[PDB]
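Below: one structure, written as structure tokens.
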Amino acid sequence: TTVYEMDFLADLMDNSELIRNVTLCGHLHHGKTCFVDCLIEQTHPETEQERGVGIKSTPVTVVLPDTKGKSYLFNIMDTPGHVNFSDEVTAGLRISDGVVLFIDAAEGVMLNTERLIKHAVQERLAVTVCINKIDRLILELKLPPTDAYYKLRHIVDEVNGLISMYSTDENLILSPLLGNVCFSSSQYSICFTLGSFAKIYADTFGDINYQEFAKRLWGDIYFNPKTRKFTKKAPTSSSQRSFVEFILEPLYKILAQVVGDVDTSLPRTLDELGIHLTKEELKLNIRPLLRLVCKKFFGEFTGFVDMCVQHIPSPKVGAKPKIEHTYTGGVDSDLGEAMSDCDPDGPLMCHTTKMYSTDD
Amino acid sequence: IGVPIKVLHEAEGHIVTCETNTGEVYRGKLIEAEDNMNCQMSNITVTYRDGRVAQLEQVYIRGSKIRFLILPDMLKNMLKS
Amino acid sequence: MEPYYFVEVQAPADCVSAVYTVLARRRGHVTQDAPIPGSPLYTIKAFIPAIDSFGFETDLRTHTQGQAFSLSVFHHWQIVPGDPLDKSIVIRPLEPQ
Amino acid sequence: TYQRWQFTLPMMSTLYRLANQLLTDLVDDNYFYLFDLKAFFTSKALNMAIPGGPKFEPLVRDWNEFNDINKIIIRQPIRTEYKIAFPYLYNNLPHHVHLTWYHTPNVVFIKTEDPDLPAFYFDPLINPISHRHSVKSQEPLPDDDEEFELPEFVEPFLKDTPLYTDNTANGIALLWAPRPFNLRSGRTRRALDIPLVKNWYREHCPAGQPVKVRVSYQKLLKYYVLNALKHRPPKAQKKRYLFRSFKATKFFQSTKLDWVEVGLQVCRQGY
Amino acid sequence: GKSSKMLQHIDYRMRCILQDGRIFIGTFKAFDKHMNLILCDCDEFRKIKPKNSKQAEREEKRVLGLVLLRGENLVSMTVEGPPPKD
Amino acid sequence: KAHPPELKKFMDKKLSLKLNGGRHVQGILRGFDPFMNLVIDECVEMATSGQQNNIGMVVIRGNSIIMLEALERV
Amino acid sequence: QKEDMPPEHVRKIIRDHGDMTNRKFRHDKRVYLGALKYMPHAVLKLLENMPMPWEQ
RNA sequence: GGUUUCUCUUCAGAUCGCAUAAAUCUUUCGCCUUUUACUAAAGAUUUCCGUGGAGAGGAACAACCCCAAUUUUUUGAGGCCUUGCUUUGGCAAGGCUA
Ligand SMILES: Nc1nc2c(ncn2[C@@H]2O[C@H](COP(=O)(O)OP(=O)(O)OP(=O)(O)O)[C@@H](O)[C@H]2O)c(=O)[nH]1
Ligand SMILES: [Mg+2]
Ligand SMILES: [Mg+2]
């Protein structure tokens, strides 16, 4: 043993305020590599494999559109999650600026997840969460939609308690209202934040203000139909919270229609959502069909890029609270500040952390 | 939304310029833009009806008050039309 | 002084006793065992001398038909229960002390 | 020509339940931990043999310091199962060894008892969430009494549709079922190509059967492995069609007979 | 009724005269709801447009380039050139 | 639909409004409505003769609203 | 095409030839013999379609 | 302008055909007087049972009512005086208005 687009990539590199450097971390088998794979196929329609375990990290840099269309350049450091390989994570954790911690919906937090939130807060990065693998609550565990709410709330509160345990300053508490957490199913092509879901609600239905809407969904707000005005506790209807009735129950019904009643009720329900599908594409099996419908309805990936763009340092802002730790002097006279400029100019101070051997 | 409005919003952050309804020009970096064309620009250069050129910190103008808009050589690259 | 390993074992409800026995053979001291909220699984947290940690994972999985599964991390050192300097201690050279 | 079936989900559910007897009630793959093709390939390569697995003839056929018996600490004896879990760490001269490992996320699918209770239903089997913590938290909660209101067009995205039916619990059970049954459509296979009993002898602890049948288990596993190991791609193709070439001549005719009739014909002609 | 008449002049050369009277010569790569025009490599000519003139044809001309105008001032649209295949 | 001005971060800031007729004024933008009409206190109109004479709070008509440029760093 | 014969055609031919002892045939002797080379095909094709105990 | 079917021609599986048989050669191995028939490992190569791709024909059946004051089909952007300018043409500036 990209013609008119890599130039565009170059100009994006040159802006240095349209790029985000993020590390994709979490526990073992919690969804990272499949996230990345389905994502590169979103962009390109163009030892390990036998192991089923990733050993060494891999970086990807790709151009992603947000919920407004503005393209970004994304630096994604896909790490391994086996607690024995935490070495690789440290590497990414230096040369990146934020962390997307992938948590499992069915398991929650375990060893490596808490240890990685520790390693991430002690290196003063940004911290975002993707509660991934949510179908394991609907199809596998078979949970009433309200107890799905309970479990999601629990995971978020526990990760919140730990991130408070290792960090003194109550600068950030995570909850999807702030745009901290996506909800995901890597393989079933669904990733959404309250922002993205409320914008979907608006774009297909009437003109409702998606931002003020998204401020109302998570977290014990109820809604009374007659007044059409969300309230804190005052339904005695024995009804669900805004979250359940508006985001989960519709998602339960989407899935239950796809896997249960694919032959009879599915064309009707698909009409009621706006998705049209060929005869040929309704002859798929249930997993490819489910993923295809969910992709056709949920759009590509906006929840993630939205949450990240909204809470990434953007290396231009970036560098300054970093060279405290990285640099041995930090800022004294010449180079600390020069780097803090992050200007493509002069000093050229780079940090190399990995060496990927060429096969040959 | 239209293809031009999508290009304009996507041009946010890049270097752009515009020619207003009153005959004045304003270039700058992309600050903010929306589907209503209400354009916010920052650190721009401004050229009046005679040609007086000067600097502006940040400004926000209604959509209908702009006539044309010049973008960099990037946007030309949805090629389906 | 010798290092210790922190072990976290996911397991079905029944096979808890199984892992217990394994940890006994290897000087375990299982600390905690707790339900997983919203799951049919229990989580076990235990310590184990890194000496006896060799093959503990595969031993665990073999005895329980793959159902259980552990990861391990170094946690802290500790006093090994011997007297390092005693000439009155002779070592039978292949059986375990 | 009878390729390509497509079926309804009730069809599949009854078919499943009817074939339930000839089937494995395993749901995932970490049952076969050191009991898959790669574990056997490695064991065969190292000439060590796991408890219930096959045994093969050795692949090919003085002093060292590391085995100086004064310089070891023996707390746990190394045993062949470790030597096959980690081929390279635990073995000198590991050659033609396949490196097997898997911690495949234990799948948690709760078989129901009756079709009565709803599909989505907290099961007694699941551990109660009862998530407790401090005074839990408070939100960036944009309190009402300022304003907000939903234009009386929008609604829960589809509320004319019930959560479940008499077809969803079934439809989910069908999602983790053995290979033919977790499908909806495929090509049709030949009748000899369908082994009915493989999923049986591939199991791990027969636990109290006579030594007779355990030796039979191991020899069936051996045959299985040798099949998988010596697999050659087709590598070549010339495709004489004997019977189309025959039928195209002036000497062969065609018909439909009772099976038994052409059976008696073939035997008479042999004689 | 055919929905084709706009695309027929789409992707081809075009001379646009706004409510301002000037000429913008550019590729009609698309239109929008308001009649907005996003055409690249455009040329802004103000004096006249050259039509086989023995005197000259290049006067009071600048390169506007990617010009994205709002359809509030879209007045007259003609075909000034063919499409260059790049 | 009905997107209001991005004047949240711009609220409570001194800006000059240039609107039709060459109408140049200075005034503090503190709030407005979704039609892009403004409500600016401290309005001191900058007439052509150059004299800036204060008028106070009024309704900054977005109908002919041309542009507003603040005097702070928003 | 070549469409099907009636079954009685086969049945009559084979019951006629019987066991090739009557000299009235005496020429199909040679082909009868020469067809032995292919009888392991007839046997395989026959046994791979046997009628599967839910069928009569 | 499509499916099903039949026939005819032509090109491939690189993890397959979710199944899995025999043969040849070369080298060790075990049966033991000889050879076939065997053992059971490795390697190199073939045959057989199935499949795919492409194309040609031929066949059967589907089928020639309210609407605008920030972006265009309502918009009051109106005039002139003077000045300066430029070769006239024309450009800019202030005012008067009703
Ligand atoms: N049920 C379910 N499983 C998922 C989903 N997304 C990913 N998976 C799992 O993803 C696994 C694929 O490899 P990954 O787990 O993504 O790799 P990883 O998370 O980085 O783990 P390591 O590579 O060892 O660090 C499969 O085993 C699936 O179990 C999902 O949305 N639903
Ligand atoms: Mg991986
Ligand atoms: Mg002789």
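In the structure tokens, each chain is lettered A, B, ... as it comes, each chain's residues begin at 1, and ligands are numbered from 1 in order of appearance.
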Interface list for chain G, partner chain H, 10 Å threshold, only C-alpha atoms (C1' of nucleotides), as a list in words: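 Listed by rising number, the hits are residues 1, 2 and 44 of chain G.
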Resulting file, chosen residues, C-alpha atoms, as a PDB file, in the first residue's frame:
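File produced: again26.pdb:
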ATOM      1  CA  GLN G   1     -41.250 -18.229 -26.139  1.00  0.00           C
ATOM      2  CA  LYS G   2     -41.541 -21.942 -25.413  1.00  0.00           C
ATOM      3  CA  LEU G  44     -29.823 -31.827  -6.268  1.00  0.00           C
TER       4      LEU G  44
END
Shell around residue 79 in chain B at 12 Å using only C-alpha atoms (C1' of nucleotides), local window under 6 positions removed, as a PyMOL selection string: (chain A and resi 4) or (chain B and resi 3+7) or (chain E and resi 11+29-30)
Dump the neighbourhood of ligand 2 as a PDB file with N, CA, C and O atoms, in the first residue's frame: all residues within 7 Å, distances computed on only C-alpha atoms (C1' of nucleotides) and all ligand atoms.
ATOM      1  N   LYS A  32     -20.748  11.250  20.605  1.00  0.00           N
ATOM      2  CA  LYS A  32     -19.880  12.222  19.951  1.00  0.00           C
ATOM      3  C   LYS A  32     -19.611  11.884  18.495  1.00  0.00           C
ATOM      4  O   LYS A  32     -19.951  12.655  17.594  1.00  0.00           O
ATOM      5  N   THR A  33     -18.989  10.741  18.237  1.00  0.00           N
ATOM      6  CA  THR A  33     -18.586  10.458  16.870  1.00  0.00           C
ATOM      7  C   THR A  33     -19.766  10.386  15.916  1.00  0.00           C
ATOM      8  O   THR A  33     -19.627  10.782  14.758  1.00  0.00           O
ATOM      9  N   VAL A  53     -14.616   1.777  19.851  1.00  0.00           N
ATOM     10  CA  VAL A  53     -14.197   2.783  20.812  1.00  0.00           C
ATOM     11  C   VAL A  53     -13.201   3.681  20.108  1.00  0.00           C
ATOM     12  O   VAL A  53     -12.328   3.199  19.378  1.00  0.00           O
ATOM     13  N   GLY A  54     -13.381   4.986  20.271  1.00  0.00           N
ATOM     14  CA  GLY A  54     -12.391   5.928  19.791  1.00  0.00           C
ATOM     15  C   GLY A  54     -11.270   6.033  20.793  1.00  0.00           C
ATOM     16  O   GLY A  54     -11.505   6.095  22.005  1.00  0.00           O
ATOM     17  N   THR A  79     -13.357  14.220  20.806  1.00  0.00           N
ATOM     18  CA  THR A  79     -12.410  13.518  21.654  1.00  0.00           C
ATOM     19  C   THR A  79     -12.828  12.071  21.859  1.00  0.00           C
ATOM     20  O   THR A  79     -13.950  11.699  21.507  1.00  0.00           O
ATOM     21  N   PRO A  80     -11.963  11.223  22.399  1.00  0.00           N
ATOM     22  CA  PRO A  80     -12.432   9.969  22.974  1.00  0.00           C
ATOM     23  C   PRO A  80     -12.948  10.178  24.385  1.00  0.00           C
ATOM     24  O   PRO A  80     -12.593  11.134  25.071  1.00  0.00           O
TER      25      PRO A  80
END
Using only C-alpha atoms (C1' of nucleotides) and all ligand atoms, find each residue with an atom at most 8 Å away from ligand 1 and format the answer as a PyMOL selection string. (chain A and resi 26-35+52-55+78-82+132-136+140+184-189) or (chain D and resi 104-105)
Polymer residues at most 12 Å from residue 50 in chain E, only C-alpha atoms (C1' of nucleotides), same-chain spacing of 5 or more positions, as a PyMOL selection string: chain E and resi 15+23+25+45+55-61+80
Hey, can you spit out that residue selection with N, CA, C and O atoms as a JSON list (two decimals), in the first residue's frame?
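As written to disk, selection09.json reads:
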[["chain", "number", "residue", "atom", "x", "y", "z"],
["E", 15, "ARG", "N", -29.68, 45.30, -17.92],
["E", 15, "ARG", "CA", -29.55, 46.72, -17.63],
["E", 15, "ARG", "C", -30.75, 47.14, -16.77],
["E", 15, "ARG", "O", -31.90, 47.02, -17.20],
["E", 23, "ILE", "N", -27.90, 53.87, -14.74],
["E", 23, "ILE", "CA", -27.88, 52.53, -15.32],
["E", 23, "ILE", "C", -26.99, 51.65, -14.46],
["E", 23, "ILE", "O", -25.86, 52.03, -14.14],
["E", 25, "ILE", "N", -25.55, 47.91, -14.91],
["E", 25, "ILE", "CA", -25.40, 46.76, -15.80],
["E", 25, "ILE", "C", -24.82, 45.61, -14.99],
["E", 25, "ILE", "O", -23.72, 45.73, -14.44],
["E", 45, "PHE", "N", -23.25, 53.26, -14.44],
["E", 45, "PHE", "CA", -23.02, 54.27, -15.46],
["E", 45, "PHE", "C", -24.09, 55.33, -15.32],
["E", 45, "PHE", "O", -25.27, 55.01, -15.16],
["E", 55, "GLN", "N", -18.62, 58.35, -31.28],
["E", 55, "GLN", "CA", -17.87, 59.25, -30.41],
["E", 55, "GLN", "C", -17.16, 58.50, -29.29],
["E", 55, "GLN", "O", -15.93, 58.51, -29.20],
["E", 56, "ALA", "N", -17.93, 57.82, -28.44],
["E", 56, "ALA", "CA", -17.38, 57.02, -27.36],
["E", 56, "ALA", "C", -18.54, 56.33, -26.65],
["E", 56, "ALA", "O", -19.71, 56.62, -26.92],
["E", 57, "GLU", "N", -18.20, 55.42, -25.74],
["E", 57, "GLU", "CA", -19.21, 54.68, -24.98],
["E", 57, "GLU", "C", -18.89, 54.53, -23.50],
["E", 57, "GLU", "O", -19.68, 53.93, -22.78],
["E", 58, "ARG", "N", -17.75, 55.04, -23.04],
["E", 58, "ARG", "CA", -17.32, 54.88, -21.65],
["E", 58, "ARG", "C", -17.23, 56.27, -21.03],
["E", 58, "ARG", "O", -16.27, 57.01, -21.28],
["E", 59, "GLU", "N", -18.24, 56.64, -20.24],
["E", 59, "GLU", "CA", -18.27, 57.97, -19.64],
["E", 59, "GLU", "C", -19.04, 57.91, -18.33],
["E", 59, "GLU", "O", -20.16, 57.40, -18.29],
["E", 60, "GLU", "N", -18.43, 58.45, -17.28],
["E", 60, "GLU", "CA", -19.06, 58.52, -15.96],
["E", 60, "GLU", "C", -19.50, 57.13, -15.50],
["E", 60, "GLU", "O", -20.67, 56.88, -15.19],
["E", 61, "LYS", "N", -18.53, 56.22, -15.47],
["E", 61, "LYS", "CA", -18.75, 54.82, -15.16],
["E", 61, "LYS", "C", -17.89, 54.42, -13.98],
["E", 61, "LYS", "O", -16.75, 54.88, -13.83],
["E", 80, "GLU", "N", -29.17, 43.69, -21.29],
["E", 80, "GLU", "CA", -28.00, 44.40, -21.80],
["E", 80, "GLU", "C", -26.88, 43.47, -22.25],
["E", 80, "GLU", "O", -25.98, 43.93, -22.98]]
Neighbouring residues of range 132-137 of chain D were defined as those with any atom within 12 Å, considering only C-alpha atoms (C1' of nucleotides); residues of the same chain fewer than 4 positions away were excluded. Please report them as a list in words.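 The neighbour list is residues 150, 151, 153, 154, 155, 156, 157, 158, 159, 160, 161, 162, 173, 174, 175, 219 and 220 of chain A; 37 of chain C; 128 and 141 of chain D.
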Please dump the current selection as a CSV table (one decimal), in the first residue's frame; keep N, CA, C and O atoms.
chain,number,residue,atom,x,y,z
A,150,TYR,N,-39.4,15.2,33.9
A,150,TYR,CA,-38.8,15.0,35.2
A,150,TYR,C,-37.3,14.6,35.1
A,150,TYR,O,-36.4,15.1,35.7
A,151,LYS,N,-37.0,13.6,34.2
A,151,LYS,CA,-35.7,13.1,34.0
A,151,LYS,C,-34.8,14.2,33.4
A,151,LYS,O,-33.6,14.3,33.9
A,153,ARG,N,-35.1,17.5,33.6
A,153,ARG,CA,-34.9,18.4,34.7
A,153,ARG,C,-33.9,17.9,35.7
A,153,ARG,O,-33.0,18.7,36.1
A,154,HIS,N,-33.9,16.6,36.0
A,154,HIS,CA,-33.0,16.1,37.0
A,154,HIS,C,-31.6,16.1,36.5
A,154,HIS,O,-30.7,16.6,37.2
A,155,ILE,N,-31.3,15.7,35.3
A,155,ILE,CA,-30.0,15.7,34.7
A,155,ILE,C,-29.4,17.2,34.7
A,155,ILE,O,-28.3,17.4,35.2
A,156,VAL,N,-30.2,18.1,34.3
A,156,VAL,CA,-29.7,19.5,34.2
A,156,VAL,C,-29.4,20.0,35.7
A,156,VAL,O,-28.4,20.6,35.9
A,157,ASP,N,-30.3,19.6,36.6
A,157,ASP,CA,-30.0,20.2,38.0
A,157,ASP,C,-28.8,19.6,38.6
A,157,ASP,O,-28.0,20.2,39.3
A,158,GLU,N,-28.5,18.3,38.3
A,158,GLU,CA,-27.3,17.6,38.9
A,158,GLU,C,-26.1,18.2,38.3
A,158,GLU,O,-25.1,18.4,39.0
A,159,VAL,N,-26.0,18.3,36.9
A,159,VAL,CA,-24.8,18.9,36.3
A,159,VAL,C,-24.6,20.3,36.8
A,159,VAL,O,-23.5,20.8,37.0
A,160,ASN,N,-25.7,21.0,37.1
A,160,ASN,CA,-25.6,22.3,37.7
A,160,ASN,C,-25.0,22.3,39.1
A,160,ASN,O,-24.1,23.1,39.4
A,161,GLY,N,-25.5,21.4,39.9
A,161,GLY,CA,-24.9,21.3,41.2
A,161,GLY,C,-23.4,21.0,41.2
A,161,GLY,O,-22.6,21.6,42.0
A,162,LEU,N,-23.0,20.1,40.3
A,162,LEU,CA,-21.5,19.8,40.3
A,162,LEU,C,-20.7,21.0,39.7
A,162,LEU,O,-19.7,21.4,40.3
A,173,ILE,N,-25.5,29.5,35.6
A,173,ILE,CA,-26.3,28.3,35.8
A,173,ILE,C,-26.8,27.9,34.5
A,173,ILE,O,-27.2,28.7,33.7
A,174,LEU,N,-26.8,26.6,34.2
A,174,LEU,CA,-27.3,26.1,33.0
A,174,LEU,C,-28.8,25.8,33.0
A,174,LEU,O,-29.3,25.2,34.0
A,175,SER,N,-29.5,26.2,32.0
A,175,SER,CA,-30.9,25.9,31.8
A,175,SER,C,-31.2,26.3,30.4
A,175,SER,O,-30.6,27.3,29.9
A,219,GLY,N,-39.6,24.8,32.3
A,219,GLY,CA,-39.5,25.2,33.7
A,219,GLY,C,-40.7,25.6,34.4
A,219,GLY,O,-40.7,26.8,35.0
A,220,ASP,N,-41.8,24.8,34.5
A,220,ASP,CA,-42.9,25.0,35.4
A,220,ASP,C,-43.8,26.1,35.0
A,220,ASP,O,-44.8,26.4,35.8
C,37,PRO,N,-32.0,7.0,38.7
C,37,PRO,CA,-33.3,7.5,38.6
C,37,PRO,C,-33.8,7.4,37.2
C,37,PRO,O,-33.3,8.0,36.3
D,128,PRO,N,-37.8,4.6,40.6
D,128,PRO,CA,-38.5,5.8,40.7
D,128,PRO,C,-37.5,7.0,40.6
D,128,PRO,O,-36.5,6.9,41.2
D,141,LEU,N,-36.7,33.3,34.8
D,141,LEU,CA,-38.1,33.1,34.5
D,141,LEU,C,-38.8,34.4,34.3
D,141,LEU,O,-39.0,35.2,35.2
Near residue 53 in chain C, within 10 Å and counting only C-alpha atoms (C1' of nucleotides), which residues show up once chain neighbours fewer than 2 positions away are dropped, as a list in words?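 Contacts, with the query itself left out: residues 4, 5, 6, 7, 23, 26, 27, 28, 47, 48, 49, 50, 51, 55, 56, 57 and 72 of chain C; 75 and 76 of chain D.
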Once you count only C-alpha atoms, which residues of chain F turn out to be within 7 Å of chain B? Could you give them as number ranges by chain? F: 3, 66-70
Nearest to ligand 3, chosen from H:26, H:71, H:87, H:34, with only C-alpha atoms (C1' of nucleotides) and all ligand atoms counted in the distances: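 Residue with the minimum atom-to-atom distance to ligand 3: H:34.
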If we count only C-alpha atoms, which residues of chain C reach to within 12 Å of chain D? Please list them as a PyMOL selection string. chain C and resi 10-13+22+25-27+34-43+49-71+90-97
What's the 12 Å shell around range 51-55 of chain B, counting only C-alpha atoms (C1' of nucleotides), without same-chain residues fewer than 6 positions away, as a PDB file with N, CA and C atoms (P, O5', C5', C4', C3', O3' and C1' of nucleotides), in the first residue's frame?
ATOM      1  N   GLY B  23     -29.309  59.925  -1.486  1.00  0.00           N
ATOM      2  CA  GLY B  23     -28.117  60.109  -2.282  1.00  0.00           C
ATOM      3  C   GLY B  23     -26.813  60.050  -1.520  1.00  0.00           C
ATOM      4  N   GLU B  24     -26.810  59.504  -0.310  1.00  0.00           N
ATOM      5  CA  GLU B  24     -25.613  59.417   0.509  1.00  0.00           C
ATOM      6  C   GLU B  24     -25.130  57.975   0.583  1.00  0.00           C
ATOM      7  N   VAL B  25     -23.832  57.821   0.833  1.00  0.00           N
ATOM      8  CA  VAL B  25     -23.196  56.510   0.890  1.00  0.00           C
ATOM      9  C   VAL B  25     -22.698  56.267   2.308  1.00  0.00           C
ATOM     10  N   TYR B  26     -22.782  55.012   2.750  1.00  0.00           N
ATOM     11  CA  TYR B  26     -22.261  54.607   4.052  1.00  0.00           C
ATOM     12  C   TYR B  26     -21.726  53.189   3.944  1.00  0.00           C
ATOM     13  N   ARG B  27     -20.420  53.030   4.141  1.00  0.00           N
ATOM     14  CA  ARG B  27     -19.775  51.726   4.190  1.00  0.00           C
ATOM     15  C   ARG B  27     -19.325  51.429   5.613  1.00  0.00           C
ATOM     16  N   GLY B  28     -19.100  50.156   5.906  1.00  0.00           N
ATOM     17  CA  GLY B  28     -18.602  49.780   7.212  1.00  0.00           C
ATOM     18  C   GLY B  28     -18.458  48.281   7.340  1.00  0.00           C
ATOM     19  N   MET B  41     -24.908  49.567  11.439  1.00  0.00           N
ATOM     20  CA  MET B  41     -23.525  49.514  10.992  1.00  0.00           C
ATOM     21  C   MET B  41     -22.651  50.197  12.032  1.00  0.00           C
ATOM     22  N   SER B  42     -21.364  49.856  12.021  1.00  0.00           N
ATOM     23  CA  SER B  42     -20.439  50.379  13.014  1.00  0.00           C
ATOM     24  C   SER B  42     -19.110  50.728  12.363  1.00  0.00           C
ATOM     25  N   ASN B  43     -18.467  51.764  12.912  1.00  0.00           N
ATOM     26  CA  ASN B  43     -17.171  52.254  12.446  1.00  0.00           C
ATOM     27  C   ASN B  43     -17.160  52.512  10.945  1.00  0.00           C
ATOM     28  N   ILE B  44     -18.248  53.073  10.423  1.00  0.00           N
ATOM     29  CA  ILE B  44     -18.422  53.207   8.982  1.00  0.00           C
ATOM     30  C   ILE B  44     -17.771  54.476   8.451  1.00  0.00           C
ATOM     31  N   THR B  45     -17.573  54.518   7.140  1.00  0.00           N
ATOM     32  CA  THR B  45     -17.268  55.735   6.407  1.00  0.00           C
ATOM     33  C   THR B  45     -18.545  56.243   5.752  1.00  0.00           C
TER      34      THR B  45
ATOM     35  N   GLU F  69     -28.165  58.244  14.581  1.00  0.00           N
ATOM     36  CA  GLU F  69     -26.786  57.888  14.901  1.00  0.00           C
ATOM     37  C   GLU F  69     -26.484  58.372  16.310  1.00  0.00           C
TER      38      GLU F  69
ATOM     39  P     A H  92     -27.431  69.569  -8.238  1.00  0.00           P
ATOM     40  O5'   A H  92     -26.874  70.413  -7.007  1.00  0.00           O
ATOM     41  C5'   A H  92     -25.878  69.868  -6.154  1.00  0.00           C
ATOM     42  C4'   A H  92     -24.994  70.941  -5.573  1.00  0.00           C
ATOM     43  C3'   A H  92     -25.687  71.957  -4.675  1.00  0.00           C
ATOM     44  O3'   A H  92     -25.843  71.500  -3.343  1.00  0.00           O
ATOM     45  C1'   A H  92     -24.395  73.098  -6.275  1.00  0.00           C
TER      46        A H  92
END
Residue set, range 56-117 of chain A restricted to alpha helix (DSSP H), as a list in words: residues 86, 87, 88, 89, 90, 91, 92, 93, 94, 95, 111, 112, 113, 114, 115, 116 and 117 of chain A
Limited to C-alpha atoms, could you put the picked residues into a file as a CSV table (one decimal), in the first residue's frame?
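File written: out11.csv
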chain,number,residue,atom,x,y,z
A,86,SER,CA,-8.4,11.5,29.3
A,87,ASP,CA,-5.0,12.6,28.0
A,88,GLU,CA,-6.5,13.4,24.6
A,89,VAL,CA,-9.1,15.6,26.2
A,90,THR,CA,-6.6,17.8,27.9
A,91,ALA,CA,-4.9,18.4,24.6
A,92,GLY,CA,-8.1,19.7,23.0
A,93,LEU,CA,-9.0,21.6,26.2
A,94,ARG,CA,-5.9,23.8,25.8
A,95,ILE,CA,-6.2,24.6,22.1
A,111,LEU,CA,-17.6,9.2,36.0
A,112,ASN,CA,-16.1,10.9,33.0
A,113,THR,CA,-18.8,13.5,32.6
A,114,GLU,CA,-18.3,15.0,36.1
A,115,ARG,CA,-14.6,14.6,35.8
A,116,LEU,CA,-14.7,16.5,32.5
A,117,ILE,CA,-16.8,19.3,33.9
Work out how far apart CA of residue 144 in chain D and CA of residue 37 in chain F are and give it in Å to one decimal.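 Interatomic distance, CA of residue 144 in chain D to CA of residue 37 in chain F: 26.0 Å.
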Give the residues of chain A that lie within 9 Å of chain C; count only C-alpha atoms, and format the answer as JSON, numbers by chain. {"A": [82, 83, 84, 106, 107, 108, 110, 111, 141, 143, 147, 148, 151, 154]}
Counting only C-alpha atoms (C1' of nucleotides), collect the residues of chain H whose closest atom lies at most 12 Å from chain D, and write them out as a ChimeraX atom specification. /H:4-8,10-21,27-30,39-42,45-52
Any idea what the distance is between CA of residue 186 in chain D and CA of residue 8 in chain D?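 So the answer is 12.9 Å.
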Could you write out, as number ranges by chain, all the residues of range 10-51 of chain E that DSSP marks as strand (DSSP E or B)? E: 13-18, 23-27, 37-45
Using only C-alpha atoms, I'd like every residue of chain D that has an atom within 6 Å of chain A; please write them out as a list in words.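 Those within range of chain A come out as residues 101, 109, 120, 121, 122, 148, 149, 150, 156, 157, 163, 167, 168, 171 and 184 of chain D.
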I need the residues from that last selection saved to file as a compact mmCIF listing (two decimals), in the first residue's frame (with N, CA and C atoms), if you can.
# COMPACT_ATOMS: atom_id res chain seq x y z
N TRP D 101 -13.10 -5.53 21.34
CA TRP D 101 -13.57 -4.86 22.54
C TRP D 101 -14.88 -4.16 22.22
N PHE D 109 -35.07 -2.14 27.31
CA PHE D 109 -36.36 -2.20 26.66
C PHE D 109 -37.25 -3.07 27.52
N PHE D 120 -47.01 4.21 26.45
CA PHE D 120 -46.10 4.97 27.30
C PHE D 120 -46.65 4.98 28.71
N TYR D 121 -45.94 4.31 29.61
CA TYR D 121 -46.48 3.99 30.92
C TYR D 121 -45.32 3.67 31.84
N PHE D 122 -45.22 4.38 32.95
CA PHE D 122 -44.12 4.18 33.88
C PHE D 122 -44.09 2.74 34.36
N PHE D 148 -47.89 38.82 27.56
CA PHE D 148 -47.57 37.82 26.54
C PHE D 148 -48.86 37.11 26.18
N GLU D 149 -48.97 36.68 24.93
CA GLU D 149 -50.24 36.11 24.51
C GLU D 149 -50.05 35.34 23.21
N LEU D 150 -50.77 34.23 23.08
CA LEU D 150 -50.63 33.39 21.90
C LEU D 150 -51.73 33.70 20.91
N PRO D 156 -50.73 23.35 20.49
CA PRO D 156 -49.84 22.19 20.53
C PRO D 156 -49.84 21.54 19.16
N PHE D 157 -48.64 21.26 18.67
CA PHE D 157 -48.41 21.14 17.24
C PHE D 157 -49.40 20.20 16.57
N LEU D 163 -51.97 10.07 21.82
CA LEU D 163 -50.61 9.61 22.04
C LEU D 163 -50.38 8.24 21.45
N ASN D 167 -51.58 -0.13 18.29
CA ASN D 167 -50.57 -0.53 17.35
C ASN D 167 -49.21 0.02 17.67
N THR D 168 -49.08 0.88 18.68
CA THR D 168 -47.79 1.50 18.96
C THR D 168 -46.95 0.65 19.89
N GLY D 171 -45.63 -1.87 17.73
CA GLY D 171 -44.70 -1.27 16.81
C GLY D 171 -43.37 -0.95 17.42
N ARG D 184 -39.26 -4.35 7.62
CA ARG D 184 -40.56 -4.19 6.97
C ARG D 184 -40.58 -4.72 5.57
Chain G contacts on chain D, only C-alpha atoms, 10 Å, as a ChimeraX atom specification: /D:190-192,247-248,253-263,265-271
